[PDB]
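Below is one structure; the comments refer to it alone.
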Amino acid sequence: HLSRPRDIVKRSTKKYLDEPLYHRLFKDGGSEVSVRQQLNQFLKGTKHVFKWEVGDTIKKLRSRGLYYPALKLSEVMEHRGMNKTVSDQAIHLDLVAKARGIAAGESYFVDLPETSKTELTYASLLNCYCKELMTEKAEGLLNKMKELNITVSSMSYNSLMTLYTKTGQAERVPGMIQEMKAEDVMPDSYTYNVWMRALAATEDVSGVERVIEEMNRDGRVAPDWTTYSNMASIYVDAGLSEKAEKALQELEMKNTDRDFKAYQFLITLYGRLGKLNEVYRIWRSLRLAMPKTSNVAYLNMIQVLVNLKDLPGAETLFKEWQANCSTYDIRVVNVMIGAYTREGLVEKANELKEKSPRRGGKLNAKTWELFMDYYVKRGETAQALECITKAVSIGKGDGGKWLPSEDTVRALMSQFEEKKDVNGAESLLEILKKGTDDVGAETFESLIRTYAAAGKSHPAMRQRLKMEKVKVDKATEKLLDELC
RNA sequence: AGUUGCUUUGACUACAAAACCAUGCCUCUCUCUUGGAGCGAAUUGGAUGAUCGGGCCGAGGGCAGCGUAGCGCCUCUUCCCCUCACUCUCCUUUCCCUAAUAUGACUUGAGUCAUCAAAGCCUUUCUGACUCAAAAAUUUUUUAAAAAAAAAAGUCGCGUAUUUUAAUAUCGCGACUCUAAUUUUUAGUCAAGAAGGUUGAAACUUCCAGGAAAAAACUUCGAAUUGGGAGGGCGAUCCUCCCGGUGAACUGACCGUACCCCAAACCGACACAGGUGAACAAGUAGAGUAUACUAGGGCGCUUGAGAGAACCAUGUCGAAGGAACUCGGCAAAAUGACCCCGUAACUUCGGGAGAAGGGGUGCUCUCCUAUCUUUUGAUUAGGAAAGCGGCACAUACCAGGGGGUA
RNA sequence: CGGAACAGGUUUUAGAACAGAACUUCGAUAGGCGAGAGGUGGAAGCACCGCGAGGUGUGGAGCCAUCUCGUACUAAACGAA
Ligand SMILES: [K+]
Ligand SMILES: [Mg+2]
Ligand SMILES: [Mg+2]
Ligand SMILES: [Mg+2]
Ligand SMILES: [Mg+2]
Ligand SMILES: [Mg+2]
Ligand SMILES: [Mg+2]
Ligand SMILES: [Mg+2]
Ligand SMILES: [Mg+2]
Ligand SMILES: [Mg+2]
Ligand SMILES: [Mg+2]
Ligand SMILES: [Mg+2]
Ligand SMILES: [Mg+2]
Ligand SMILES: [Mg+2]
Ligand SMILES: [Mg+2]
Ligand SMILES: [Mg+2]
Ligand SMILES: [Mg+2]
Ligand SMILES: [Mg+2]
Ligand SMILES: [Mg+2]
Ligand SMILES: [Mg+2]
Ligand SMILES: [Mg+2]
Ligand SMILES: [Mg+2]
Ligand SMILES: [Mg+2]
Ligand SMILES: [Mg+2]
């Protein structure tokens with residue numbers, strides 16, 4: 001056709017790729033390593049691509065959080081001769097801020113030419129400010145835009161409102177919506193969504209009934225399932241049930257594209273309400289919308305079923321996931337691991353722990369956290385020590401460090417008080433020392449008295465000055481300076 | 001000296017949606033590519049009930065031929081297939097509607113904008129996965145010891161009976177497919193990044209005339225300053241080994257740098273048509289750095305206004321003749337490019353030879369060939385065949401006159 | 001002939017400068033404008049035929065170095081000099 005001459009089916013195979021780039025980069029999987037390997041193999045080749053092909057590739061790589069390969073492809077293909085326009089420069093600015101940080105994004109914006117510093121680049125930098133929560137520089141961009149008469153779109157106002165909601169100054173939203181209505185700016189559905197969220201955050205449930213009637217009066221915005229998701233979340237957190245069911249049934253009517261996240265929202269909202277029959281009603285629709293169901297829907301479903309106490313249904317779902325799983329997801333195991341430790345059927349939890357790494361799932365930290373929860377409920381402390389050591393050795397799955405909860409630490413130390421396990425208390429303190437540099441809220445401030453078994457340590461209040469100036473209760477130093 | 005490399009390579013598609021509350025352990029743990037649940041229809045279905053019609057099997061008495069068993073004719077309705085109502089829960093063929101199919105809705109009219117070390121190699125170094133080396137772990141066999149090995153699941157098939165009804169399981173078997181683990185340290189492979197250096201900046205073949213020097217620079221070894229450790233030491237800060245040994249948010253002094261540089265600034269008495277190394281130098285035509293025209297960059301040459309005599313310099317053209325001119329074809333004219341046909345006397349066999357003498361050359365359409373086409377169902381080069389225009393198709397510029405004989 | 005002849009301006013059959021000859025506003029001397037002769041050879045636009053290079057018609061068409069005729073519009077006595 002004359003509309004689209006650069007067709008991807010009829011194009012030459014000697015010059016161009018045999019399959020589209022957004023199909024080629026995802027051949028070996030969606031993993032970071034496989035995407036990087038595919039990009040490295042492609043950039044060394046002698047086959048070429050289209051500009052719209054690279055644009056859709058950038059959007060697909062951005063849509064799954066793959067920011068480094070998207071930035072690398074954009075930089076290399078611009079270096080090879082593909083000229084960025086203003087829109088492509090806005091997308092590249094957002095990609096730079098996503099990958100190398102806002103300090104790199106600011107330098108890219110400065111090094112941009114002057115005729116490229118238009119409303120698209122300004123709005124992209126504003127969004128990259130609000131997503132990184134820098135209120136002062138945000139407002140410094142805002143008054144500069146208002147001074148230079150750059151057209152402020154609804155996207156910028158929604159970005160500021162989401163920034164206000166996340167920072168905690170959520171009372172500014174009702175002033176700002178009337179500001180953007182006074183400045184002749186029509187809103188979108190996300191404007192009503194953040195307005196509703198700020199109104200519910202202001203402890204005002206009765207205000208969300210006058211906004212829905214106003215957008216019904218407007219007649220210009222299309223209501224979407226995200227609106228009803230916000231209504232369902234606000235009502236379920238507020239305890240109202242029938243209005244939440246009406247919102248969720250309207251949500252089910254609005255989900256015409258069979259969205260996986262929307263189905264997850266139905267499942268978790270009906271699970272938090274507690275209605276098992278309609279939970280299974282949406283679940284059968286989910287199995288009718290995707291036969292090869294991913295592990296995320298199982299992760300939601302089995303957690304909902306065990307929070308609604310359907311344990312043999314969860315056990316049959318486990319066998320279904322076993323017989324149809326391609327990746328042995330450890331979180332699926334770890335849901336019923338914590339289930340079997342909470343209801344105490346510990347032999348089957350131990351069997352799953354043994355059989356997971358053979359089938360191909362290595363243990364993360366939360367399984368050991370649930371087992372030390374089990375051991376701190378049943379009073380065995382040595383096995384809680386053996387669990388917390390392996391938990392801090394594994395650490396977090398995103399590169400963080402695992403730290404035990406304050407309530408569990410407090411209960412474990414109260415258990416240490418009775419048995420006079422000074423060695424156990426010292427090992428727990430050493431573990432917390434390795435975990436964190438601070439180590440103290442209630443950890444040892446009133447907990448010198450575990451030394452009241454036989455003698456005490458040497459330093460006499462000088463060790464307690466070492467760990468960054470802690471302060472103890474007034475009724476704690478008396479048995480300390482009695483024993484000197 | 002000759003070949004091969006150094007010789008640039010791409011995009012043009014118009015696109016801010018990257019701002020999200022739920023569960024949250026890195027919540028898409030890895031989704032590239034799936035028709036619809038339309039209250040939508042037509043043939044078909046049918047989870048249903050009879051009537052009418054047609055059509056088997058069969059049931060008896062018999063007319064009929066035996067000691068049981070018969071061949072045609074004669075009274076029957078079950079049973080099947082239609083038919084008329086109810087009818088949407090499984091199945092076949094279609095049609096409408098929706099979704100999906102990558103965004104949105106003349107100036108490459110022969111251009112604009114980027115790129116201008118790619119590809120290798122060698123030292124480190126951060127982080128992942130795999131093979132593991134080997135040990136501790138559990139089963140069998142052999143005599144507490146020594147040898148080999150699986151652990152976890154799905155699927156097909158066989159024979160056989162336990163419930164208070166989650167019997168899709170249990171009982172023994174045979175086979176296929178799939179995954180790699182509980183603890184420990186070392187190597188090695190890859191993968192993905194960050195620092196340096198180095199090559200590309202030259203390789204190969206042939207030839208005879210046989211193609212600089214240098215404890216300067218570099219690689220190696222030796223010895224080693226003002227450093228830190230390990231074993232001796234009736235000593236004296238001495239012996240014997242190991243590590244470091246020019247390393248860095250140290251430091252890098254001194255001289256030149258203006259301007260002209262085929263020129264009005266240098267060598268020629270002149271602001272002199274002369275002389276003055278090498279490197280770079282877009283486009284169209286072209287074998288080409290020839291030649292014509294041109295953008296960028298630079299310049300308009302430090303005397304002008306008229307008139308358009310003789311004569312002089314320098315060009316264009318010239319009837320008929322064509323060297324009759326003159327010391328002499330002096331000068332001028334003429335030939336001139338690529339492809340094809342053809343090419344003598346003589347000879348030291350290498351040559352003469354581009355001998356001499358001829359023919360074609362533009363443009364359009366259609367075929368065929370290939371171009372080692374990085375947009376292959378149409379773009380470039382060649383050849384065939386048919387046409388079109390003019391006086392002229394090497395149309396301007398560039399560009400051998402030839403032969404005979406001393 | 002006696003405010004005569006010159007000079008100045010527009011030119012030319014004349015011409016190196018000079019000189020000669022024509023005209024100098026009650027004036028066709030030069031330019032312009034219009035018409036014709038002469039030269040070249042069939043414009044542009046439109047239409048028809050052909051895939052195309054191209055061909056045919058409107059049409060001895062279009063154009064202008066010169067020459068002649070008509071005409072004071074411009075410059076020559078716009079010298080109220
Ligand atoms: K120069
Ligand atoms: Mg030396
Ligand atoms: Mg200079
Ligand atoms: Mg001079
Ligand atoms: Mg001069
Ligand atoms: Mg000179
Ligand atoms: Mg030249
Ligand atoms: Mg110029
Ligand atoms: Mg002359
Ligand atoms: Mg003549
Ligand atoms: Mg002649
Ligand atoms: Mg002749
Ligand atoms: Mg004579
Ligand atoms: Mg003679
Ligand atoms: Mg003579
Ligand atoms: Mg001559
Ligand atoms: Mg000549
Ligand atoms: Mg041809
Ligand atoms: Mg030429
Ligand atoms: Mg007079
Ligand atoms: Mg005169
Ligand atoms: Mg006249
Ligand atoms: Mg005539
Ligand atoms: Mg003409």
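Ligands are numbered from 1 in the order shown, residues from 1 within each chain, and chains are lettered A, B, ... in the order they appear in the structure tokens.
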- What lies within 12 Å of residue 60 (chain C) using only C-alpha atoms (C1' of nucleotides), ignoring chain neighbours under 2 positions off, as a PyMOL selection string? chain C and resi 40-42+62
Would you export the selected residues with N, CA, C and O atoms (P, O5', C5', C4', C3', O3' and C1' of nucleotides) as a PDB file, in the first residue's frame, please?
ATOM      1  P     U C  40      16.384  33.723 -45.766  1.00  0.00           P
ATOM      2  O5'   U C  40      15.994  33.125 -44.352  1.00  0.00           O
ATOM      3  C5'   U C  40      16.992  32.851 -43.386  1.00  0.00           C
ATOM      4  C4'   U C  40      16.383  32.583 -42.040  1.00  0.00           C
ATOM      5  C3'   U C  40      15.528  31.336 -41.940  1.00  0.00           C
ATOM      6  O3'   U C  40      16.313  30.197 -41.638  1.00  0.00           O
ATOM      7  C1'   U C  40      14.409  33.184 -40.950  1.00  0.00           C
ATOM      8  P     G C  41      16.009  28.766 -42.294  1.00  0.00           P
ATOM      9  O5'   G C  41      14.534  28.428 -41.827  1.00  0.00           O
ATOM     10  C5'   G C  41      14.260  28.109 -40.472  1.00  0.00           C
ATOM     11  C4'   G C  41      12.788  28.186 -40.171  1.00  0.00           C
ATOM     12  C3'   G C  41      11.971  27.013 -40.696  1.00  0.00           C
ATOM     13  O3'   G C  41      10.926  26.713 -39.786  1.00  0.00           O
ATOM     14  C1'   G C  41      11.137  29.022 -41.597  1.00  0.00           C
ATOM     15  P     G C  42      10.556  25.190 -39.468  1.00  0.00           P
ATOM     16  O5'   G C  42       9.228  25.306 -38.610  1.00  0.00           O
ATOM     17  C5'   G C  42       9.138  26.256 -37.560  1.00  0.00           C
ATOM     18  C4'   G C  42       7.754  26.840 -37.437  1.00  0.00           C
ATOM     19  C3'   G C  42       6.629  25.841 -37.166  1.00  0.00           C
ATOM     20  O3'   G C  42       5.669  26.448 -36.307  1.00  0.00           O
ATOM     21  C1'   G C  42       6.140  27.072 -39.100  1.00  0.00           C
ATOM     22  P     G C  62       1.548  35.573 -36.104  1.00  0.00           P
ATOM     23  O5'   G C  62       2.861  35.423 -35.223  1.00  0.00           O
ATOM     24  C5'   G C  62       2.795  34.960 -33.885  1.00  0.00           C
ATOM     25  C4'   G C  62       4.151  34.530 -33.390  1.00  0.00           C
ATOM     26  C3'   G C  62       5.211  35.612 -33.352  1.00  0.00           C
ATOM     27  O3'   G C  62       5.145  36.393 -32.174  1.00  0.00           O
ATOM     28  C1'   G C  62       6.081  33.708 -34.429  1.00  0.00           C
TER      29        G C  62
END
- Shell of 9 Å around ligand 24 (only C-alpha atoms (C1' of nucleotides) and all ligand atoms), written as a PyMOL selection string: chain C and resi 43-44+62-63
Please, could you write that set of residues out with N, CA and C atoms (P, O5', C5', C4', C3', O3' and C1' of nucleotides) as a PDB file, in the first residue's frame?
ATOM      1  P     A C  43       5.318  25.789 -34.892  1.00  0.00           P
ATOM      2  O5'   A C  43       5.790  26.876 -33.839  1.00  0.00           O
ATOM      3  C5'   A C  43       7.165  27.134 -33.627  1.00  0.00           C
ATOM      4  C4'   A C  43       7.361  28.121 -32.510  1.00  0.00           C
ATOM      5  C3'   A C  43       6.528  27.869 -31.268  1.00  0.00           C
ATOM      6  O3'   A C  43       7.133  26.932 -30.401  1.00  0.00           O
ATOM      7  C1'   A C  43       6.350  30.140 -31.900  1.00  0.00           C
ATOM      8  P     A C  44       6.250  25.823 -29.654  1.00  0.00           P
ATOM      9  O5'   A C  44       5.479  26.639 -28.532  1.00  0.00           O
ATOM     10  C5'   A C  44       6.177  27.216 -27.442  1.00  0.00           C
ATOM     11  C4'   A C  44       5.294  28.166 -26.681  1.00  0.00           C
ATOM     12  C3'   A C  44       4.040  27.556 -26.082  1.00  0.00           C
ATOM     13  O3'   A C  44       4.280  26.983 -24.813  1.00  0.00           O
ATOM     14  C1'   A C  44       3.491  29.541 -27.249  1.00  0.00           C
ATOM     15  P     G C  62       1.548  35.573 -36.104  1.00  0.00           P
ATOM     16  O5'   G C  62       2.861  35.423 -35.223  1.00  0.00           O
ATOM     17  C5'   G C  62       2.795  34.960 -33.885  1.00  0.00           C
ATOM     18  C4'   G C  62       4.151  34.530 -33.390  1.00  0.00           C
ATOM     19  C3'   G C  62       5.211  35.612 -33.352  1.00  0.00           C
ATOM     20  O3'   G C  62       5.145  36.393 -32.174  1.00  0.00           O
ATOM     21  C1'   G C  62       6.081  33.708 -34.429  1.00  0.00           C
ATOM     22  P     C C  63       5.470  37.962 -32.222  1.00  0.00           P
ATOM     23  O5'   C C  63       7.046  38.022 -32.409  1.00  0.00           O
ATOM     24  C5'   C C  63       7.915  37.533 -31.402  1.00  0.00           C
ATOM     25  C4'   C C  63       9.316  37.373 -31.925  1.00  0.00           C
ATOM     26  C3'   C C  63       9.993  38.647 -32.384  1.00  0.00           C
ATOM     27  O3'   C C  63      10.560  39.368 -31.307  1.00  0.00           O
ATOM     28  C1'   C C  63      10.308  36.952 -33.998  1.00  0.00           C
TER      29        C C  63
END
- Message: Select, as number ranges by chain, those residues of chain B with any atom no more than 8 Å from chain A (distances computed using only C-alpha atoms (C1' of nucleotides)).
- Response: B: 10-11, 13, 15-16, 18-23, 25-32, 102, 113-115, 152, 154, 179-181, 191-192, 374-375
- Task: May I have the residues within 12 Å of ligand 20, computed using only C-alpha atoms (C1' of nucleotides) and all ligand atoms, as a PyMOL selection string?
- Result: chain C and resi 5-9+21-24
Create the file for the chosen residues now, containing C-alpha atoms (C1' of nucleotides) and written as a PDB file, in the first residue's frame.
ATOM      1  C1'   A C   5      27.868  85.612 -39.487  1.00  0.00           C
ATOM      2  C1'   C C   6      29.360  82.491 -35.364  1.00  0.00           C
ATOM      3  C1'   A C   7      28.829  79.389 -31.042  1.00  0.00           C
ATOM      4  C1'   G C   8      25.597  75.318 -28.358  1.00  0.00           C
ATOM      5  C1'   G C   9      22.251  70.859 -29.102  1.00  0.00           C
ATOM      6  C1'   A C  21      26.305  69.066 -45.073  1.00  0.00           C
ATOM      7  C1'   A C  22      20.867  68.368 -42.808  1.00  0.00           C
ATOM      8  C1'   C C  23      17.521  69.915 -38.618  1.00  0.00           C
ATOM      9  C1'   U C  24      17.084  73.255 -34.125  1.00  0.00           C
TER      10        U C  24
END
- Task: Kindly provide, as a ChimeraX atom specification, all nucleotide and amino acid residues lying within 9 Å of ligand 21, counting only C-alpha atoms (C1' of nucleotides) and all ligand atoms.
- Result: /C:11-12,14-15,18-20
Please save C-alpha atoms (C1' of nucleotides) of the selected residues as a PDB file, in the first residue's frame.
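Writing the result to part.pdb gives the following:
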ATOM      1  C1'   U C  11      22.586  63.997 -36.490  1.00  0.00           C
ATOM      2  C1'   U C  12      24.762  62.414 -41.164  1.00  0.00           C
ATOM      3  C1'   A C  14      30.913  63.389 -44.073  1.00  0.00           C
ATOM      4  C1'   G C  15      34.709  62.180 -40.590  1.00  0.00           C
ATOM      5  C1'   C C  18      39.397  69.592 -37.173  1.00  0.00           C
ATOM      6  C1'   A C  19      36.400  70.723 -41.336  1.00  0.00           C
ATOM      7  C1'   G C  20      31.696  69.817 -44.662  1.00  0.00           C
TER       8        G C  20
END
- Task: Might you pull out every residue within 8 Å of region 379-392 of chain B, with only C-alpha atoms (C1' of nucleotides) counted and same-chain residues fewer than 3 positions away left off, and present them as a VMD selection string?
- Result: (chain B and resid 363 to 364 371 373 395) or (chain C and resid 53 to 54)
